[PDB]
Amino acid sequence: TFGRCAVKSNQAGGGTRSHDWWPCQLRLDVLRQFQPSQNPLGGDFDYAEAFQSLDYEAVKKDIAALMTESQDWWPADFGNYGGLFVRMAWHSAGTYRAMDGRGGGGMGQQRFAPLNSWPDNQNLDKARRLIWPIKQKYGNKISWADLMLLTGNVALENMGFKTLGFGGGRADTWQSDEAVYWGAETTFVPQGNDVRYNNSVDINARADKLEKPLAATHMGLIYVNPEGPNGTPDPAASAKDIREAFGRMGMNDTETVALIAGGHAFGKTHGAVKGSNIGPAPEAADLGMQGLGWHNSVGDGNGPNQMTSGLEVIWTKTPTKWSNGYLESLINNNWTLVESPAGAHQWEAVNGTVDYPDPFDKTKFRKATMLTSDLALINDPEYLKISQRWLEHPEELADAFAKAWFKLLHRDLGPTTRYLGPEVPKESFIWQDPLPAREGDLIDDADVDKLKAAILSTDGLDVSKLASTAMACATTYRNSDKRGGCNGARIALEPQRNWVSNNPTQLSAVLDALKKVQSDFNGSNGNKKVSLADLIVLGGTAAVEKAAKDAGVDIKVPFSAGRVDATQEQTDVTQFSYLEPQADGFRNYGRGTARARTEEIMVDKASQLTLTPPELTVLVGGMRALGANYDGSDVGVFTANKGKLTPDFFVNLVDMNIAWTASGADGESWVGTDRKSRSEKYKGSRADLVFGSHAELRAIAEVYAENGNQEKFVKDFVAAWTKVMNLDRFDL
C-alpha cells in the first residue's frame, strides 16, 4: 500500500504501468526531463539576457521593504520576515551533496515535489508565497531559483549582516527532478533512515557510516535532526551527525560552525501547538489550499499558534539584528532539558534572565533556549574550540559566515562566467573551480586548419586516442552543479591525470604530444596562443571529422575555440575526486555496484550531460566505431573498420547470426559467438549489450543499423559530439 493511492484512477496515466510489472528494468525517464517543449518560457528564452536587464537594486529594495510588511494570513514574527527568509534560502541551498553534485538551490526545486512537502520545509510554502508578488512584479527577469536565494541574502543585509555579494544566473526548471537519489526509505523523518544507516541504531558508532552519497540523517531533512540523533537529546552524538552531514555537503568544521551560529543569530523556531492540529503537506492538501499545506486548525493557524518543527526556541535577545548572542548564550548559560508546547526536546536556561522577546507581545519575555543541535557545537572538541574562539573574536565568525554563506548559495552555480549581477564577489574561491583569463590572441579558422593537420600527424596521436581523450575530459561535466567539462584542460592535472579510468601512462603520452603541438604554435604565431584545453577538444574533433571522411561522409565538424588552461592551484584534488566515474559507457570503462548496474550508471551520466536517448545511443556506437575505449581494447568494438565512423557497432550487435552469452560471473562480460562457424567473434560489456536488450534503446540502435542511414548516423554523432564538447562553454 505504500506508493499506492486508495482510489485507482482510470485516466491521465492511471492503471498498472510498465514500471509496476518490471520494476528492475532500466528506465530512460531521467533522459526525458527538462525538455524545451515543456518550458513555458520557450526553448529560445535566454535567462542571462533577461536578468542583465533586471533593475537589480530595485528588486533588493522591494525585498527589504517586504520584510517588515506583515501579511494577515501569515503574520511576521517581531514584525520582520527576515529569519523566515533566511531559512527559506538556507533550505533551498541546503540540499546539496558534494559527492554527486545534486541538490542545492540552482534549479529552484523547492517549489516542486518532493522538496515542497518535506517535513523540514514545513511552512516554507508560506515563505515562497510571501515573495511571489516580487516575482510577479519583475516577471521573467528574475527566476524563482535566484529570487529565493537573493531574498535570504537581502534579509541578512537588512538585519545588520553585510554579505560578500551575490550572483544570479539560475534558470528556472519546470518539473520535479526525479533523477535525484534522496534515499530508498519509504517513510519521512522522524523515521526515514533505516536504509541509510543499514538498520544501525548505535547513534555514535553509526554517525560516520551514513550511506553515500547522502548528506542528511533522515529522509525529509536538510542535514540533521534538531532533537539529536533519532530524537535522542545527546548533543555529543548530534555533533557527529553534524560533521558527517555538513561534510557530505562540502563544508568543514569552521564553515559548519559559522553557518549554524550565523543562521541562528536570527528568528526563531515554531512549536506552539501539537502536530495533530496540522493538515496535509502541500502535495497531499485539497484544492482550497491552492498550493499551500500544513494548515493549522488552532485559531487562525498562524501568529502565536505557528507550528513548523514542534520546537519553540528563540536563540537571541535581538532576533532581527545581527549579534554575538548565539555564542554568548550557548557558552554562558547552564542548560536544562525541557519539553516544548508541541512535546519536542529542547534546552532552556531555567535560571537565566527573562529577557528574550516574544514575537507578538512586546510586554512578554522568555528565558534563553537552544536546540540539541546547537549544544552539539560545545559538546565536540573541535567545535568547542571554534565556538570559544569566536565568542571572544566575533569578527572571525562574521568573516567565516560571510564566506560560508556565499559558498552555500553559489556552490552549484558553476563557473564564474555564469554569475550575473552588479555585486559578484571579486575573490576567486576554490569551490568555484576557477579559471584564468586567456593567454594572447584567439586562434582563427586558419590556425585551426593548421592545428588539425598537425595533430593528426604527430607522434603518439591517432584517431582512437584523440577521440577517447576528448571524451574522457568532457564527461566530467555534470549539469546538476555545472562542474566539470573540457574547459581548463583539467584532465592534464591532478587528480584526473592519475585516474585509473584515464589510463594514465597512455594519457601522459597523448598530453605530451599535444603539448608539443602547443609549444610549436605558441611563440611562432606572434601573440596568438592556443590552450591545451582547446587542443584536446580540437584533436578529438579533427579525429571525428577525418573518421567521418573515411566512412564516406564529408561533414564540417564545428569547433568552438577559446578554452583556457586551469592551474593546479585552481584545481583542488579533493573537490575533483567527486567527479571520478565508477563506470563510463562511452569509453567502455568500469563496472556496477551492488546497488547500480553498469547500464544504470550510464543512463545516470547521460542525464548529467543533458543527453536524450538518441544522443546517448549514437555517441556509444560512434565511440566503438572509433576504437575509443579507455584501454584501447576491442570490447564492444564490433567493426573491422576501427577508426572509421560507421554504424558497424549497431549492425553487428543486431546480427542474429551472433549469439550472446555471459562469460564472467559478475555479469559484466559477454561473448558474441558466430552460430554458423561456432567461433567467438566479439567481446561485449553491459554498456554495449543494453542497446540490444532494452526495447527503447534497441529501437534507436535499429535506426542506425538500417540500410541508408550511414550518413544520418554520422550527422547525429557529430551533433551529439559538439553538444557534449561544449557543455561547459558558459563563456560563449
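Numbering starts at 1 and runs along the sequence shown. Just so we're on the same page, rigid core means the largest C-alpha set that superposes within 1.5 Å between forms.
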query	finding
Stretch farther from the shown model on average in 4 other deposited structures of this protein, with CA RMS computed after core superposition (182-190, 349-357)	349-357
Comparing 110-118 and 516-524 where Cα RMS over structures and residues is taken in 4 other deposited structures of this protein (core fit), larger one	516-524
Average Cα temperature factor in the PDB entry - higher stretch of 114-122, 630-638	630-638
Mean C-alpha temperature factor, higher of 322-330 and 258-266	322-330
Deposited CA B-factor, highest of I142, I658, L292, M471	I658
Deposited CA B-factor, highest of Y704, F34, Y47, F691	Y47
Third assignment of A58 from its chain's C-alpha B-factors	middle
CA B-factor ranking of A513, expressed as a third of its chain	middle
Entry-reported Cα temperature factor of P495, expressed as the chain third it lands in	lowest
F559 - which third its CA temperature factor falls in, relative to the rest of the chain	middle
Third of the chain, ranked by Cα B-factor, where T476 sits	lowest
